[PDB]
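Scroll down for the structure; my scribbles are underneath it.
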Amino acid sequence: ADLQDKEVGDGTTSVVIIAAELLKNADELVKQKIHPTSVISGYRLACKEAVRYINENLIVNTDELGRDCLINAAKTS
Amino acid sequence: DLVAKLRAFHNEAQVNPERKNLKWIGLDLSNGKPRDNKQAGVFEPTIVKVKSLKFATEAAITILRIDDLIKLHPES
Amino acid sequence: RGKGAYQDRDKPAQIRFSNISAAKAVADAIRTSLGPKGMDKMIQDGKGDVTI
Ligand SMILES: Nc1ncnc2c1ncn2[C@@H]1O[C@H](COP(=O)(O)OP(=O)(O)O)[C@@H](O)[C@H]1O
Ligand SMILES: [Mg+2]
């Protein structure tokens with residue numbers, strides 16, 4: 001959480017929640033005799049594609065919104 | 001119900017090429033129903049989600065790599 | 001001929017057996033962390049420092 005605060009400043013609660021959930025669901029697979037290397041390899045692939053998917057289909061260019069984008073971004077936080 | 005309804009909208013957007021506007025649907029916590037968050041003005045910086053996924057995955061990977069703990073008793 | 005040296009003292013055999021048992025215990029402890037499918041160990045010192 002501290003690292004997220006220094007390098008981003010927001011999403012600090014989300015990153016702790018996601019990481020704990022990621023570990024909880026991964027351990028369920030390990031209990032099913034899935035090797036941790038397979039789980040780790042799968043998690044690494046999913047993280048790469050999630051970033052790639054976000055950058056290609058879920059981003060909005062702020063130049064199309066003007067000043068209202070900054071206020072909405074600030075208001076949301 | 002809300003997650004299922006939210007997931008249903010997002011499933012439609014991915015499988016239907018002409019319903020791509022449903023990607024922006026999020027949650028309206030005030031009323032408890034899906035809502036187009038791009039129009040509603042609920043935005044986040046892209047780096048917040050991207051860095052969260054990278055950092056959470058590495059933290060989860062680090063713990064998942066452990067299967068043995070040796071806890072030496074303090075000298076005192 | 002027949003019998004040989006009695007070897008009255010038994011301590012050397014016990015020492016050898018204990019040495020072998022300790023070495024085998026260490027090897028079996030670290031066996032799990034070998035190869036591409038081996039996992040890591042977390043060791044917490046007396047001072048509290050943690051290493052993986
Ligand atoms: N007006 C809103 N309507 C719906 N969801 C929102 C709204 N504002 C914020 N959210 C969501 O609520 C979450 C709150 O995050 P927050 O806990 O403030 O961040 P952090 O993890 O840094 O503490 C955000 O992930 C955001 O997606
Ligand atoms: Mg926040």
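Residue numbers start at 1 in each chain; chains themselves are named A, B, ... in the order of the structure tokens; ligands are numbered from 1 in the order shown.
Near ligand 2, the residues found within 10 Å are residues 9, 10, 11, 12, 13, 14, 76 and 77 of chain A; 44 and 48 of chain B (criterion computed using only C-alpha atoms and all ligand atoms).
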Store the residues of this selection in a file with N, CA, C and O atoms, as a PDB file, in the first residue's frame.
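After the write, selection-v6.pdb holds the following:
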ATOM      1  N   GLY A   9      -0.438   7.496  -5.706  1.00  0.00           N
ATOM      2  CA  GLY A   9      -1.142   8.373  -4.796  1.00  0.00           C
ATOM      3  C   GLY A   9      -2.601   8.033  -4.580  1.00  0.00           C
ATOM      4  O   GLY A   9      -3.200   8.539  -3.625  1.00  0.00           O
ATOM      5  N   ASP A  10      -3.188   7.195  -5.431  1.00  0.00           N
ATOM      6  CA  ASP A  10      -4.570   6.769  -5.283  1.00  0.00           C
ATOM      7  C   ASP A  10      -4.649   5.276  -5.556  1.00  0.00           C
ATOM      8  O   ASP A  10      -3.686   4.654  -6.010  1.00  0.00           O
ATOM      9  N   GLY A  11      -5.812   4.696  -5.277  1.00  0.00           N
ATOM     10  CA  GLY A  11      -5.965   3.267  -5.443  1.00  0.00           C
ATOM     11  C   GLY A  11      -5.263   2.450  -4.389  1.00  0.00           C
ATOM     12  O   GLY A  11      -5.009   1.264  -4.602  1.00  0.00           O
ATOM     13  N   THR A  12      -4.937   3.059  -3.251  1.00  0.00           N
ATOM     14  CA  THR A  12      -4.183   2.357  -2.221  1.00  0.00           C
ATOM     15  C   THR A  12      -5.015   1.264  -1.565  1.00  0.00           C
ATOM     16  O   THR A  12      -4.507   0.172  -1.289  1.00  0.00           O
ATOM     17  N   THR A  13      -6.289   1.538  -1.291  1.00  0.00           N
ATOM     18  CA  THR A  13      -7.147   0.509  -0.713  1.00  0.00           C
ATOM     19  C   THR A  13      -7.430  -0.600  -1.718  1.00  0.00           C
ATOM     20  O   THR A  13      -7.494  -1.777  -1.351  1.00  0.00           O
ATOM     21  N   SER A  14      -7.599  -0.242  -2.991  1.00  0.00           N
ATOM     22  CA  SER A  14      -7.921  -1.240  -4.002  1.00  0.00           C
ATOM     23  C   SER A  14      -6.794  -2.250  -4.170  1.00  0.00           C
ATOM     24  O   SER A  14      -7.044  -3.455  -4.283  1.00  0.00           O
ATOM     25  N   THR A  76     -14.270  12.400  -8.454  1.00  0.00           N
ATOM     26  CA  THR A  76     -14.353  10.965  -8.205  1.00  0.00           C
ATOM     27  C   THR A  76     -13.438  10.551  -7.063  1.00  0.00           C
ATOM     28  O   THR A  76     -13.828   9.758  -6.201  1.00  0.00           O
ATOM     29  N   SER A  77     -12.220  11.087  -7.037  1.00  0.00           N
ATOM     30  CA  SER A  77     -11.303  10.766  -5.952  1.00  0.00           C
ATOM     31  C   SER A  77     -11.829  11.270  -4.617  1.00  0.00           C
ATOM     32  O   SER A  77     -11.654  10.611  -3.585  1.00  0.00           O
TER      33      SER A  77
ATOM     34  N   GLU B  44     -11.120   7.725 -13.564  1.00  0.00           N
ATOM     35  CA  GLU B  44      -9.886   7.486 -12.838  1.00  0.00           C
ATOM     36  C   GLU B  44      -8.728   7.599 -13.812  1.00  0.00           C
ATOM     37  O   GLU B  44      -8.894   7.324 -15.006  1.00  0.00           O
ATOM     38  N   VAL B  48      -3.695   4.454 -12.411  1.00  0.00           N
ATOM     39  CA  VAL B  48      -4.126   3.929 -11.120  1.00  0.00           C
ATOM     40  C   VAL B  48      -4.481   2.454 -11.236  1.00  0.00           C
ATOM     41  O   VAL B  48      -4.079   1.634 -10.404  1.00  0.00           O
TER      42      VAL B  48
END
Could you tell me which residues of chain C sit within 12 Å of chain A when counting only C-alpha atoms, and give me the result as a CSV table (one decimal) with C-alpha atoms, in the first residue's frame?
chain,number,residue,atom,x,y,z
C,35,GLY,CA,14.7,-27.6,-9.7
C,36,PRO,CA,12.4,-25.5,-11.8
C,37,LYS,CA,9.4,-26.7,-9.8
C,38,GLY,CA,11.0,-25.9,-6.4
C,39,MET,CA,9.5,-23.3,-4.0
C,40,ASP,CA,11.2,-20.8,-1.8
- prompt: Could you write out, as a PyMOL selection string, all the residues of chain B that DSSP marks as helix (DSSP H, G or I)?
  reply: chain B and resi 2-15+20-24+37-40+46-64
- prompt: CA of residue 51 (chain B) and CA of residue 75 (chain A) are how many Å apart?
  reply: 20.9 Å
Name all residues at most 12 Å from region 66-70 of chain B (count only C-alpha atoms; drop same-chain ones fewer than 6 positions away) and give them as a PDB file with N, CA, C and O atoms, in the first residue's frame.
ATOM      1  N   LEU A  23      -4.260 -13.713  -3.918  1.00  0.00           N
ATOM      2  CA  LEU A  23      -3.592 -14.769  -3.173  1.00  0.00           C
ATOM      3  C   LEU A  23      -4.583 -15.811  -2.679  1.00  0.00           C
ATOM      4  O   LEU A  23      -4.286 -17.010  -2.681  1.00  0.00           O
ATOM      5  N   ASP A  27      -4.381 -19.756  -3.831  1.00  0.00           N
ATOM      6  CA  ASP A  27      -4.188 -20.854  -2.892  1.00  0.00           C
ATOM      7  C   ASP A  27      -5.237 -21.938  -3.075  1.00  0.00           C
ATOM      8  O   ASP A  27      -4.963 -23.115  -2.819  1.00  0.00           O
ATOM      9  N   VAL A  30      -3.831 -24.156  -5.616  1.00  0.00           N
ATOM     10  CA  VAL A  30      -2.708 -24.934  -5.103  1.00  0.00           C
ATOM     11  C   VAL A  30      -3.210 -26.101  -4.266  1.00  0.00           C
ATOM     12  O   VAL A  30      -2.649 -27.202  -4.308  1.00  0.00           O
ATOM     13  N   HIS A  35       0.347 -26.868  -9.522  1.00  0.00           N
ATOM     14  CA  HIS A  35       1.647 -26.409  -9.066  1.00  0.00           C
ATOM     15  C   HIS A  35       1.679 -24.884  -9.003  1.00  0.00           C
ATOM     16  O   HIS A  35       1.115 -24.214  -9.872  1.00  0.00           O
ATOM     17  N   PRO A  36       2.319 -24.311  -7.985  1.00  0.00           N
ATOM     18  CA  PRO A  36       2.388 -22.846  -7.898  1.00  0.00           C
ATOM     19  C   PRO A  36       3.047 -22.194  -9.095  1.00  0.00           C
ATOM     20  O   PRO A  36       2.696 -21.059  -9.434  1.00  0.00           O
ATOM     21  N   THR A  37       3.995 -22.868  -9.747  1.00  0.00           N
ATOM     22  CA  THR A  37       4.604 -22.293 -10.941  1.00  0.00           C
ATOM     23  C   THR A  37       3.572 -22.104 -12.043  1.00  0.00           C
ATOM     24  O   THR A  37       3.603 -21.103 -12.767  1.00  0.00           O
ATOM     25  N   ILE A  40       1.512 -19.133 -10.924  1.00  0.00           N
ATOM     26  CA  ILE A  40       2.288 -17.910 -11.100  1.00  0.00           C
ATOM     27  C   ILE A  40       2.385 -17.549 -12.574  1.00  0.00           C
ATOM     28  O   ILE A  40       2.223 -16.385 -12.956  1.00  0.00           O
TER      29      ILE A  40
ATOM     30  N   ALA B  59       3.103  -8.787  -5.656  1.00  0.00           N
ATOM     31  CA  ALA B  59       2.958  -9.086  -4.237  1.00  0.00           C
ATOM     32  C   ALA B  59       2.324 -10.451  -4.027  1.00  0.00           C
ATOM     33  O   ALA B  59       2.762 -11.222  -3.167  1.00  0.00           O
ATOM     34  N   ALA B  60       1.289 -10.770  -4.803  1.00  0.00           N
ATOM     35  CA  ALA B  60       0.671 -12.086  -4.698  1.00  0.00           C
ATOM     36  C   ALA B  60       1.635 -13.181  -5.125  1.00  0.00           C
ATOM     37  O   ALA B  60       1.669 -14.257  -4.520  1.00  0.00           O
TER      38      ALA B  60
ATOM     39  N   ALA C  29      15.443 -31.437   4.388  1.00  0.00           N
ATOM     40  CA  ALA C  29      14.832 -30.131   4.589  1.00  0.00           C
ATOM     41  C   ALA C  29      14.927 -29.282   3.333  1.00  0.00           C
ATOM     42  O   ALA C  29      13.952 -28.633   2.940  1.00  0.00           O
ATOM     43  N   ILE C  30      16.091 -29.281   2.674  1.00  0.00           N
ATOM     44  CA  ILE C  30      16.255 -28.408   1.512  1.00  0.00           C
ATOM     45  C   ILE C  30      15.914 -29.089   0.193  1.00  0.00           C
ATOM     46  O   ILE C  30      16.046 -28.459  -0.864  1.00  0.00           O
ATOM     47  N   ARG C  31      15.480 -30.351   0.215  1.00  0.00           N
ATOM     48  CA  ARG C  31      15.139 -31.030  -1.033  1.00  0.00           C
ATOM     49  C   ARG C  31      13.982 -30.352  -1.755  1.00  0.00           C
ATOM     50  O   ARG C  31      13.952 -30.311  -2.989  1.00  0.00           O
ATOM     51  N   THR C  32      13.013 -29.821  -1.008  1.00  0.00           N
ATOM     52  CA  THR C  32      11.809 -29.277  -1.626  1.00  0.00           C
ATOM     53  C   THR C  32      12.098 -28.055  -2.488  1.00  0.00           C
ATOM     54  O   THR C  32      11.281 -27.704  -3.343  1.00  0.00           O
ATOM     55  N   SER C  33      13.248 -27.413  -2.303  1.00  0.00           N
ATOM     56  CA  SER C  33      13.585 -26.176  -3.002  1.00  0.00           C
ATOM     57  C   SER C  33      14.564 -26.408  -4.142  1.00  0.00           C
ATOM     58  O   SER C  33      15.461 -25.595  -4.370  1.00  0.00           O
ATOM     59  N   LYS C  37      10.669 -26.581 -10.482  1.00  0.00           N
ATOM     60  CA  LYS C  37       9.412 -26.680  -9.758  1.00  0.00           C
ATOM     61  C   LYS C  37       9.600 -26.554  -8.254  1.00  0.00           C
ATOM     62  O   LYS C  37       8.700 -26.910  -7.490  1.00  0.00           O
ATOM     63  N   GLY C  38      10.754 -26.069  -7.813  1.00  0.00           N
ATOM     64  CA  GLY C  38      11.005 -25.892  -6.401  1.00  0.00           C
ATOM     65  C   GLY C  38      10.521 -24.546  -5.897  1.00  0.00           C
ATOM     66  O   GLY C  38      10.584 -23.541  -6.597  1.00  0.00           O
ATOM     67  N   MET C  39      10.034 -24.542  -4.664  1.00  0.00           N
ATOM     68  CA  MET C  39       9.511 -23.343  -4.032  1.00  0.00           C
ATOM     69  C   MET C  39      10.535 -22.752  -3.071  1.00  0.00           C
ATOM     70  O   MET C  39      11.536 -23.378  -2.723  1.00  0.00           O
ATOM     71  N   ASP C  40      10.270 -21.525  -2.643  1.00  0.00           N
ATOM     72  CA  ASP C  40      11.198 -20.799  -1.792  1.00  0.00           C
ATOM     73  C   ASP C  40      10.831 -20.961  -0.324  1.00  0.00           C
ATOM     74  O   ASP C  40       9.729 -21.384   0.029  1.00  0.00           O
ATOM     75  N   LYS C  41      11.781 -20.615   0.536  1.00  0.00           N
ATOM     76  CA  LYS C  41      11.606 -20.672   1.978  1.00  0.00           C
ATOM     77  C   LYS C  41      11.661 -19.266   2.551  1.00  0.00           C
ATOM     78  O   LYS C  41      12.428 -18.422   2.078  1.00  0.00           O
ATOM     79  N   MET C  42      10.847 -19.016   3.566  1.00  0.00           N
ATOM     80  CA  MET C  42      10.856 -17.753   4.289  1.00  0.00           C
ATOM     81  C   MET C  42      11.485 -17.995   5.652  1.00  0.00           C
ATOM     82  O   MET C  42      10.996 -18.824   6.424  1.00  0.00           O
ATOM     83  N   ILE C  43      12.563 -17.278   5.942  1.00  0.00           N
ATOM     84  CA  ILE C  43      13.307 -17.443   7.182  1.00  0.00           C
ATOM     85  C   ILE C  43      13.253 -16.129   7.943  1.00  0.00           C
ATOM     86  O   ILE C  43      13.636 -15.082   7.409  1.00  0.00           O
ATOM     87  N   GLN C  44      12.779 -16.185   9.181  1.00  0.00           N
ATOM     88  CA  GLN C  44      12.671 -15.014  10.040  1.00  0.00           C
ATOM     89  C   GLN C  44      13.709 -15.126  11.145  1.00  0.00           C
ATOM     90  O   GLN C  44      13.665 -16.063  11.949  1.00  0.00           O
ATOM     91  N   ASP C  45      14.632 -14.170  11.191  1.00  0.00           N
ATOM     92  CA  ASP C  45      15.714 -14.214  12.157  1.00  0.00           C
ATOM     93  C   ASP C  45      15.192 -13.939  13.563  1.00  0.00           C
ATOM     94  O   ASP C  45      14.026 -13.597  13.773  1.00  0.00           O
ATOM     95  N   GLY C  46      16.083 -14.099  14.540  1.00  0.00           N
ATOM     96  CA  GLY C  46      15.744 -13.719  15.898  1.00  0.00           C
ATOM     97  C   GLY C  46      15.473 -12.236  16.035  1.00  0.00           C
ATOM     98  O   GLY C  46      14.608 -11.827  16.811  1.00  0.00           O
ATOM     99  N   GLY C  48      14.055 -10.518  13.842  1.00  0.00           N
ATOM    100  CA  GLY C  48      12.822 -10.255  13.137  1.00  0.00           C
ATOM    101  C   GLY C  48      12.969 -10.031  11.649  1.00  0.00           C
ATOM    102  O   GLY C  48      11.951  -9.959  10.951  1.00  0.00           O
ATOM    103  N   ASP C  49      14.194  -9.913  11.144  1.00  0.00           N
ATOM    104  CA  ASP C  49      14.398  -9.712   9.716  1.00  0.00           C
ATOM    105  C   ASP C  49      13.935 -10.933   8.934  1.00  0.00           C
ATOM    106  O   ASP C  49      14.174 -12.075   9.332  1.00  0.00           O
ATOM    107  N   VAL C  50      13.273 -10.684   7.809  1.00  0.00           N
ATOM    108  CA  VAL C  50      12.651 -11.727   7.007  1.00  0.00           C
ATOM    109  C   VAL C  50      13.351 -11.797   5.662  1.00  0.00           C
ATOM    110  O   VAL C  50      13.626 -10.765   5.039  1.00  0.00           O
ATOM    111  N   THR C  51      13.646 -13.014   5.218  1.00  0.00           N
ATOM    112  CA  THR C  51      14.220 -13.245   3.902  1.00  0.00           C
ATOM    113  C   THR C  51      13.461 -14.365   3.208  1.00  0.00           C
ATOM    114  O   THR C  51      13.043 -15.335   3.845  1.00  0.00           O
ATOM    115  N   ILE C  52      13.269 -14.212   1.903  1.00  0.00           N
ATOM    116  CA  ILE C  52      12.648 -15.224   1.059  1.00  0.00           C
ATOM    117  C   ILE C  52      13.676 -15.626   0.021  1.00  0.00           C
ATOM    118  O   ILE C  52      14.204 -14.768  -0.696  1.00  0.00           O
TER     119      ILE C  52
END
message: Using DSSP secondary structure from the backbone, list all strand (DSSP E or B) positions within chain C, as a ChimeraX atom specification.
response: /C:40-44,50-51
Dump C-alpha atoms for the selected residues as a PDB file, in the first residue's frame?
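File written: part_2.pdb
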ATOM      1  CA  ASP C  40      11.198 -20.799  -1.792  1.00  0.00           C
ATOM      2  CA  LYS C  41      11.606 -20.672   1.978  1.00  0.00           C
ATOM      3  CA  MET C  42      10.856 -17.753   4.289  1.00  0.00           C
ATOM      4  CA  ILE C  43      13.307 -17.443   7.182  1.00  0.00           C
ATOM      5  CA  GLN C  44      12.671 -15.014  10.040  1.00  0.00           C
ATOM      6  CA  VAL C  50      12.651 -11.727   7.007  1.00  0.00           C
ATOM      7  CA  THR C  51      14.220 -13.245   3.902  1.00  0.00           C
TER       8      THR C  51
END
Selected residue, from A:15, A:39, A:59, A:74, that lies nearest to ligand 1 when counting only C-alpha atoms and all ligand atoms: A:15
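Of the residues under consideration (A:16, A:68, A:60, A:3), A:16 shows the shortest atom-to-atom contact distance to ligand 1 when counting only C-alpha atoms and all ligand atoms.
Considering the residues B:36, B:75, B:18, B:28 and counting only C-alpha atoms and all ligand atoms, ligand 1 has its shortest atom-to-atom contact with B:28.
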Show me a table, sorted first by chain and then by increasing residue number, of the residues of chain B having an atom at most 6 Å from ligand 1, each with its shortest atom pair and the distance in Å to one decimal, counting only C-alpha atoms and all ligand atoms and written as CSV.
residue,atom,partner,partner_atom_place_in_ligand_line,distance
B:27,CA,ligand 1,4 (C),5.2
B:28,CA,ligand 1,4 (C),5.2
B:29,CA,ligand 1,4 (C),5.6
B:42,CA,ligand 1,1 (N),5.5
- request: Just need the residues of chain B within 12 Å of chain A, counting only C-alpha atoms, so spit them out as a ChimeraX atom specification.
  value: /B:10,13-14,20-25,37-67
Keeping N, CA and C atoms, export the residues of the selection given above as a short mmCIF file (atom, residue, chain, number, x, y, z; two decimals), in the first residue's frame.
data_model
loop_
_atom_site.label_atom_id
_atom_site.label_comp_id
_atom_site.auth_asym_id
_atom_site.auth_seq_id
_atom_site.Cartn_x
_atom_site.Cartn_y
_atom_site.Cartn_z
N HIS B 10 -21.43 -5.98 -19.70
CA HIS B 10 -20.09 -6.05 -20.26
C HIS B 10 -19.93 -7.25 -21.18
N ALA B 13 -21.26 -6.22 -24.55
CA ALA B 13 -20.39 -5.30 -25.28
C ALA B 13 -19.28 -6.05 -26.01
N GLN B 14 -18.73 -7.09 -25.39
CA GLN B 14 -17.63 -7.81 -26.01
C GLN B 14 -18.10 -8.72 -27.14
N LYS B 20 -20.71 -1.53 -28.31
CA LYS B 20 -19.46 -1.22 -27.64
C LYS B 20 -19.58 -0.09 -26.63
N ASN B 21 -20.69 0.64 -26.62
CA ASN B 21 -20.86 1.71 -25.64
C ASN B 21 -21.08 1.18 -24.23
N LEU B 22 -21.32 -0.12 -24.06
CA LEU B 22 -21.57 -0.67 -22.74
C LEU B 22 -20.29 -0.88 -21.94
N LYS B 23 -19.12 -0.65 -22.53
CA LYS B 23 -17.88 -0.76 -21.77
C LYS B 23 -17.85 0.22 -20.62
N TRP B 24 -18.51 1.37 -20.76
CA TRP B 24 -18.46 2.41 -19.75
C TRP B 24 -19.40 2.17 -18.58
N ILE B 25 -20.22 1.13 -18.64
CA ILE B 25 -21.20 0.89 -17.58
C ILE B 25 -20.48 0.45 -16.31
N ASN B 37 -20.82 5.15 -16.62
CA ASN B 37 -19.96 5.98 -15.79
C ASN B 37 -19.16 7.00 -16.58
N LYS B 38 -18.91 6.75 -17.87
CA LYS B 38 -18.26 7.76 -18.69
C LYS B 38 -19.13 9.00 -18.81
N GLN B 39 -20.44 8.82 -19.02
CA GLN B 39 -21.34 9.96 -19.04
C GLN B 39 -21.55 10.52 -17.64
N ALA B 40 -21.60 9.65 -16.64
CA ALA B 40 -21.80 10.08 -15.26
C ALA B 40 -20.61 10.84 -14.70
N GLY B 41 -19.48 10.84 -15.39
CA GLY B 41 -18.32 11.57 -14.92
C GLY B 41 -17.56 10.90 -13.80
N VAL B 42 -17.54 9.57 -13.77
CA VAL B 42 -16.78 8.83 -12.77
C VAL B 42 -15.54 8.31 -13.48
N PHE B 43 -14.46 9.08 -13.40
CA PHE B 43 -13.22 8.77 -14.09
C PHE B 43 -12.11 8.47 -13.10
N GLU B 44 -11.12 7.72 -13.56
CA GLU B 44 -9.89 7.49 -12.84
C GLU B 44 -8.73 7.60 -13.81
N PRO B 45 -7.55 8.01 -13.34
CA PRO B 45 -6.37 7.95 -14.21
C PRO B 45 -6.07 6.52 -14.60
N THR B 46 -5.62 6.34 -15.84
CA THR B 46 -5.31 4.99 -16.31
C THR B 46 -4.19 4.36 -15.49
N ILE B 47 -3.24 5.17 -15.02
CA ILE B 47 -2.11 4.64 -14.28
C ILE B 47 -2.54 4.06 -12.94
N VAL B 48 -3.69 4.45 -12.41
CA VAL B 48 -4.13 3.93 -11.12
C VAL B 48 -4.48 2.45 -11.24
N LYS B 49 -5.24 2.09 -12.27
CA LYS B 49 -5.60 0.69 -12.46
C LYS B 49 -4.41 -0.12 -12.94
N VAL B 50 -3.61 0.44 -13.85
CA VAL B 50 -2.51 -0.31 -14.44
C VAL B 50 -1.46 -0.64 -13.38
N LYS B 51 -1.05 0.36 -12.60
CA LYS B 51 -0.05 0.11 -11.57
C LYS B 51 -0.59 -0.76 -10.45
N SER B 52 -1.90 -0.69 -10.18
CA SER B 52 -2.48 -1.55 -9.16
C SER B 52 -2.39 -3.01 -9.56
N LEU B 53 -2.69 -3.32 -10.82
CA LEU B 53 -2.62 -4.71 -11.27
C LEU B 53 -1.19 -5.24 -11.24
N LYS B 54 -0.23 -4.43 -11.68
CA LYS B 54 1.16 -4.88 -11.69
C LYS B 54 1.68 -5.12 -10.28
N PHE B 55 1.42 -4.17 -9.37
CA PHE B 55 1.94 -4.30 -8.01
C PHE B 55 1.25 -5.42 -7.25
N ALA B 56 -0.07 -5.55 -7.40
CA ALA B 56 -0.78 -6.60 -6.70
C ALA B 56 -0.34 -7.98 -7.17
N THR B 57 -0.12 -8.14 -8.47
CA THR B 57 0.30 -9.43 -8.99
C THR B 57 1.66 -9.83 -8.44
N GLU B 58 2.62 -8.90 -8.43
CA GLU B 58 3.94 -9.22 -7.91
C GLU B 58 3.89 -9.54 -6.42
N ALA B 59 3.10 -8.79 -5.66
CA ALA B 59 2.96 -9.09 -4.24
C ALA B 59 2.32 -10.45 -4.03
N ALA B 60 1.29 -10.77 -4.80
CA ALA B 60 0.67 -12.09 -4.70
C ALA B 60 1.64 -13.18 -5.13
N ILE B 61 2.42 -12.93 -6.17
CA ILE B 61 3.38 -13.92 -6.64
C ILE B 61 4.44 -14.19 -5.58
N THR B 62 4.89 -13.14 -4.89
CA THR B 62 5.94 -13.30 -3.89
C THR B 62 5.50 -14.23 -2.77
N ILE B 63 4.28 -14.04 -2.26
CA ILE B 63 3.80 -14.89 -1.18
C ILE B 63 3.52 -16.30 -1.69
N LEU B 64 2.97 -16.41 -2.90
CA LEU B 64 2.65 -17.71 -3.47
C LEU B 64 3.88 -18.57 -3.68
N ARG B 65 5.06 -17.96 -3.75
CA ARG B 65 6.30 -18.69 -3.98
C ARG B 65 6.79 -19.41 -2.73
N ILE B 66 6.24 -19.10 -1.57
CA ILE B 66 6.69 -19.66 -0.30
C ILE B 66 5.91 -20.92 0.02
N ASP B 67 6.60 -21.94 0.54
CA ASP B 67 5.93 -23.12 1.06
C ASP B 67 6.55 -23.62 2.36
#
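For the residues B:72, B:8, B:2, B:15, ranking by smallest atom-to-atom distance to chain C using only C-alpha atoms places B:72 first.
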